[PDB]
Structure formats: C-alpha cells, structure tokens
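A.B. asks: Can you keep this structure in mind? I'll have questions shortly.
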Amino acid sequence: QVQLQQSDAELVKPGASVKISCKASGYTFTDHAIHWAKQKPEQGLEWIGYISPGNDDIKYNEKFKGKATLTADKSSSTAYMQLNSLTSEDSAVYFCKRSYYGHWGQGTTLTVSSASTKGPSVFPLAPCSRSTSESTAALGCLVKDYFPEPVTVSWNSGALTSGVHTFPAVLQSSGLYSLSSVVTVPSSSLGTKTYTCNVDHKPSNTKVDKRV
Amino acid sequence: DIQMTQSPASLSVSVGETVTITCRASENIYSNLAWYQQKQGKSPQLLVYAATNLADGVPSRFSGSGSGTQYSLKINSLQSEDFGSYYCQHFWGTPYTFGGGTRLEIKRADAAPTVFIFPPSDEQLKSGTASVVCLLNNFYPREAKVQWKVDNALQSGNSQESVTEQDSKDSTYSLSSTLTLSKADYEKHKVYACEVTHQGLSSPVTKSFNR
C-alpha cells in the first residue's frame, strides 16, 4: 500500500543547492501529482508546488518559482525537488504527497549552514545513589555536541518503550546540539535488565550503543 | 492566492469536552478543504477530505462541518490523544494554502514533578566540560521553574530547559534542565542543587549531590 520514502537529512552549504527525492511506492506513479510542502521548526506549512509525473504538469506556489524545481523520473517513481541558492531561511522540513488528499511522506530535514558536521558524544546519566525520591530510578544518555539535527535515541535496541522520554534537542552556546533521553524504571530492577541506548546521527554515520 | 484563516490558535481543553476549531477561507473554496492533525515531528494525517468526509481510520468523534467559507472541525468526546496541531488546507484554486494551525493541549488536573538530579559523568569531566542535569518527570501544567544552586550561589544564566510533548496517555509533561560548567568551575564546588517550584507541589522540593 502507499509508501513514500524521502531522502534522509542533508546539511548544505549557503548559496548551494540540495536535491530531495520522494521515492513513491505501492501505487502507479504516473497518474498522481506529488505535492511538496515546507514546514519550518515551530510553524505552518506552506505549499511548494506539485509535479504530476505522467502529463508533466508542474505548478508552483509563486513564492517558490526560482527556489525550487520539481522534477520526476517516471521509472523509479521518484519525484525531486531541488532548492537553489540555499540560505538560512531554507532550513526546514520539506514534505512530499500522493494527491489532493493523500498520504504524506516522512519529511527530510534541511539544515543550511556554514558549520561542519559533528557526530555526537554519548554521555551517561545515572543517579549518585538509590531512593533518590521514590522507588523509581532514572537512567539516560546525553547525546551532547552534535550537528546537524536530527539524532534518534532508542533504548535497548528498540525493545524498551515503557518509560523513555527523549527531549527536544537543544542548541547550545557553541552552536552544536545536546539532548538527553532518559528512562524511568522502578528501583527493584537495578539488575533485572541491562540498559543500552542506541544513538543515531545519520548525517555523519555515527552509531553508538552505550550501556548504563 | 486565497488565504485560509484558522481560529482559535491554542486550546487547552479537558478530556470528554467538545472542541470546535474553525477555519475561514478569504473567498469561497467550494468545500475543498482538508483538515490535518500533526503530532511532533511527523507527517500530517488526514482527518477529513472534501470539507466533511471522514478519512479512512479516523474516529467517529471527529466531524467536518462547513460551506462557502466557514468550515469547522469538531471533536466531541475529546481524548488524551487528541492533542497536537490541526491544520486546514484548501484545494481549490492554486496556490493551495494552509491555515495558521491550532495547537490543542488536552487539560488535566495538577500533577507534581518527580525530580531527579544527575552528576557529570566522568567520561564527560575528562573532556573539559561538566553538565549537571535536572529532571522533572511527569508533571502538569508545563510551567515548572528550576533553580540551580551550585554551592549556594543561585546560578542565573547557565542552564537550558527542554520539554516533551504531552503524553498520549496520562497527559503529563517532563522537562530537563542541563547546567553547563567548565571542568574547573564544577571541580571548585561541592553542592549542586536542582530546586523545583510547581503549583502541585505544596512546598518546593530540592535535589542535590556533592563533589
């Protein structure tokens, strides 16, 4: 059934140009417009335009003729958007779509910066002693000093959902991000389970699995 | 260019109540309007297409109303997982505009933070910077205040907070506050103190460690 796989995040240099794929799966590509939308961090989305693969009809939101160029390749079912002369304002999540009312893709995160890519340092968070408050202990990982967003934390290689909390990444003084992912267990359990946090930073292929 | 205007912008409304989010087109979309709910780093989902038609998995507690220029989303037995942003989009006449969004926090009665403090891990100390993290877990409302005392010096300026989305289930928040010090400044003090205030706590709780 309808799946649209987008490119992973890209860090791109100012004044340059990035090219985002939307690889359409599980439907026939050639009779459905793919629309593009851009949502910045904590804001609204606006519509970029659409590229109907097939009769190659494209229409752009006027504020984007020039900065984007929608394009499609009829054979691997991939629409593309290219964003030209990238600038800080172009940093946002860009999304593709299946029709008028369709299925959205996952979102590709563009950071447009001058800075270099840093994969994260994973620090441990574990308390100085038990009975810190209640019969609940907390453990966590500090994914400190990485660039660009996003990092994904998972506990026990996906097997631990009950009690994790991974905070929104924070932008530090240095211009790199930090983020804590903590888990709360009852105290009983310090020994019942092994805690592993798996940190992923795909923009710099850094994959760590810490244990706490 | 035909602009949709959404109202209200924010809504804190209790479970079980009934919500009404309206969205007015600047001129007439002919009931080509979609409503979306977007949660916190994800793809929007389709609630209602064609200004009243329910999208495939949506609950019955959602209805699309409207015509001409005044369209409406109504959620009637509001539940814990109905928080998030709702957006309406009009599909008649390019450009296909988005409304301004509505953020819905589903209201809860008070809950007090359960506070933890974490010392700088040695691996980190040995890199020249030392972060002390304080955690307020599962509280409500979102407004909590954290004060660091590094000895008994009220640190004003060297901490950053971050807060989770409300939980799908219990509708409570959590918050971290990272304090950042040079290896120097952390090794030249013993008491590190996280002191949390929150309506819901009778009297401010303070967590601390030494070294």
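In the structure tokens, chains take the letters A, B, ... in the order shown, each chain's residues start at 1, and ligands count up from 1 in the order shown.
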How close does chain A get to chain B? List, as CSV, each residue of chain A within 6 Å, its nearest atom pair and the distance in Å to one decimal, counting only C-alpha atoms.
C.D. replies:
```
residue,atom,partner,partner_atom,distance
A:44,CA,B:100,CA,5.9
A:61,CA,B:95,CA,5.4
A:104,CA,B:43,CA,5.8
A:106,CA,B:43,CA,5.6
A:125,CA,B:118,CA,5.8
A:127,CA,B:118,CA,5.3
A:167,CA,B:164,CA,5.6
```
A.B. asks: Residues as selected, N, CA, C and O atoms, written as an mmCIF file, in the first residue's frame, can you do that?
C.D. replies:
```
data_model
loop_
_atom_site.group_PDB
_atom_site.id
_atom_site.type_symbol
_atom_site.label_atom_id
_atom_site.label_comp_id
_atom_site.auth_asym_id
_atom_site.auth_seq_id
_atom_site.Cartn_x
_atom_site.Cartn_y
_atom_site.Cartn_z
ATOM 1 N N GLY A 44 3.833 26.925 10.496
ATOM 2 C CA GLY A 44 2.924 26.444 9.489
ATOM 3 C C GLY A 44 3.696 25.912 8.322
ATOM 4 O O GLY A 44 4.907 26.049 8.146
ATOM 5 N N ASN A 61 3.869 27.343 -6.228
ATOM 6 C CA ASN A 61 3.426 28.440 -5.419
ATOM 7 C C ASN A 61 4.375 29.502 -5.940
ATOM 8 O O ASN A 61 5.579 29.269 -6.097
ATOM 9 N N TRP A 104 1.165 11.570 3.252
ATOM 10 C CA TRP A 104 2.393 12.371 3.327
ATOM 11 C C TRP A 104 3.596 11.443 3.506
ATOM 12 O O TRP A 104 3.512 10.421 4.206
ATOM 13 N N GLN A 106 7.525 11.037 5.039
ATOM 14 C CA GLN A 106 8.171 11.221 6.301
ATOM 15 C C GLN A 106 8.788 12.561 6.624
ATOM 16 O O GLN A 106 8.860 12.882 7.804
ATOM 17 N N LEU A 125 23.836 9.176 32.152
ATOM 18 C CA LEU A 125 23.124 9.835 33.236
ATOM 19 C C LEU A 125 22.652 8.725 34.143
ATOM 20 O O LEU A 125 21.788 7.931 33.743
ATOM 21 N N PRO A 127 22.048 7.996 38.728
ATOM 22 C CA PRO A 127 21.977 8.836 39.930
ATOM 23 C C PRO A 127 23.134 8.584 40.898
ATOM 24 O O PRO A 127 23.622 7.454 40.879
ATOM 25 N N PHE A 167 14.020 14.177 24.986
ATOM 26 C CA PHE A 167 13.703 15.603 24.906
ATOM 27 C C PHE A 167 13.973 16.247 23.536
ATOM 28 O O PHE A 167 14.753 15.771 22.689
#
```
A.B. asks: Excluding same-chain residues fewer than 2 positions from residue 171 of chain B, what lies within 7 Å of it counting only C-alpha atoms, as a list in words?
C.D. replies: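 Answer for this query is residues 80, 106, 108, 166, 167, 168, 169 and 173 of chain B.
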A.B. asks: Skipping near chain neighbours, those fewer than 5 positions away, what residues fall within 10 Å of residue 10 of chain A using only C-alpha atoms, listed as a PyMOL selection string?
C.D. replies: chain A and resi 18-20+91+108-112+148-149+202-203
A.B. asks: Pick from B:73, B:104, B:88, B:29: nearest to residue 10 of chain B, with only C-alpha atoms counted?
C.D. replies: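 Among B:73, B:104, B:88, B:29, it is B:104 that comes nearest to residue 10 of chain B.
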A.B. asks: Give me, please, the distance in Å between atom CA of residue 11 of chain A and atom CA of residue 122 of chain A, quoted to one decimal.
C.D. replies: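 Interatomic distance, atom CA of residue 11 of chain A to atom CA of residue 122 of chain A: 21.3 Å.
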A.B. asks: May I have the residues within 6 Å of residue 145 of chain A as a list in words, using only C-alpha atoms and disregarding those fewer than 5 positions away in the same chain?
C.D. replies: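 So the residues in contact are residues 120, 176, 177 and 178 of chain A.
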A.B. asks: Which neighbours of residue 129 of chain B fall inside 6 Å, counting only C-alpha atoms, when residues of the same chain fewer than 4 positions from it are skipped, and could you give them as a list in words?
C.D. replies: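 Returned residues: residues 125, 181, 182 and 183 of chain B.
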A.B. asks: If you run DSSP on the backbone, which residues of chain B are strand (DSSP E or B), as a PyMOL selection string?
C.D. replies: chain B and resi 4-7+10-12+19-25+33-38+45-49+53-54+62-67+70-75+84-90+98+102-105+111+114-118+129-140+145-149+154-155+159-163+173-182+191-197+199+201+205-210
A.B. asks: Just checking: using only C-alpha atoms, which residue out of A:175, A:54, A:41, A:158 ends up closest to residue 209 of chain A?
C.D. replies: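 Selected residue with least distance to residue 209 of chain A: A:158.
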A.B. asks: Based on DSSP run over this structure's backbone, return all residues of segment 19-80 of chain A in helix (DSSP H, G or I), as a list in words.
C.D. replies: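 Filtering segment 19-80 of chain A to helix (DSSP H, G or I) leaves residues 29, 30, 31, 62, 63 and 64 of chain A.
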A.B. asks: Please save N, CA, C and O atoms of the selected residues as a short mmCIF file (atom, residue, chain, number, x, y, z; two decimals), in the first residue's frame.
C.D. replies:
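This is the output file again17.cif:
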```
data_model
loop_
_atom_site.label_atom_id
_atom_site.label_comp_id
_atom_site.auth_asym_id
_atom_site.auth_seq_id
_atom_site.Cartn_x
_atom_site.Cartn_y
_atom_site.Cartn_z
N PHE A 29 2.72 5.61 -10.17
CA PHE A 29 3.39 6.92 -10.03
C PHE A 29 2.78 7.97 -10.98
O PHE A 29 2.40 9.07 -10.56
N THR A 30 2.72 7.52 -12.19
CA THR A 30 2.40 8.25 -13.42
C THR A 30 0.99 8.94 -13.48
O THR A 30 0.70 9.76 -14.38
N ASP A 31 0.07 8.68 -12.56
CA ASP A 31 -1.26 9.36 -12.60
C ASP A 31 -1.52 10.14 -11.31
O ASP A 31 -2.63 10.64 -11.06
N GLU A 62 3.79 30.63 -6.32
CA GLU A 62 4.52 31.81 -6.77
C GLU A 62 5.73 32.09 -5.86
O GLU A 62 6.83 32.13 -6.39
N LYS A 63 5.70 32.16 -4.51
CA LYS A 63 6.87 32.43 -3.67
C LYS A 63 8.00 31.42 -3.82
O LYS A 63 9.06 31.56 -3.23
N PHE A 64 7.80 30.35 -4.57
CA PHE A 64 8.82 29.36 -4.75
C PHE A 64 9.25 29.14 -6.20
O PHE A 64 10.19 28.34 -6.40
#
```
A.B. asks: Please list as a list in words every residue within 12 Å of residue 53 of chain A, counting only C-alpha atoms and excluding residues in the same chain fewer than 4 positions away.
C.D. replies: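 The residues that qualify are residues 22, 24, 28, 29, 30, 31, 32, 33, 34, 35, 57, 58, 70, 71, 72, 73, 74, 75, 76, 77, 78, 79, 80, 98 and 99 of chain A.
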A.B. asks: Rounded to one decimal, what separation in Å do you get between atom CA of residue 85 of chain A and atom CA of residue 16 of chain A?
C.D. replies: 4.9 Å
A.B. asks: Tell me, in Å to one decimal, how far atom CA of residue 141 of chain A is from atom CA of residue 84 of chain B.
C.D. replies: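 It comes out at 26.8 Å.
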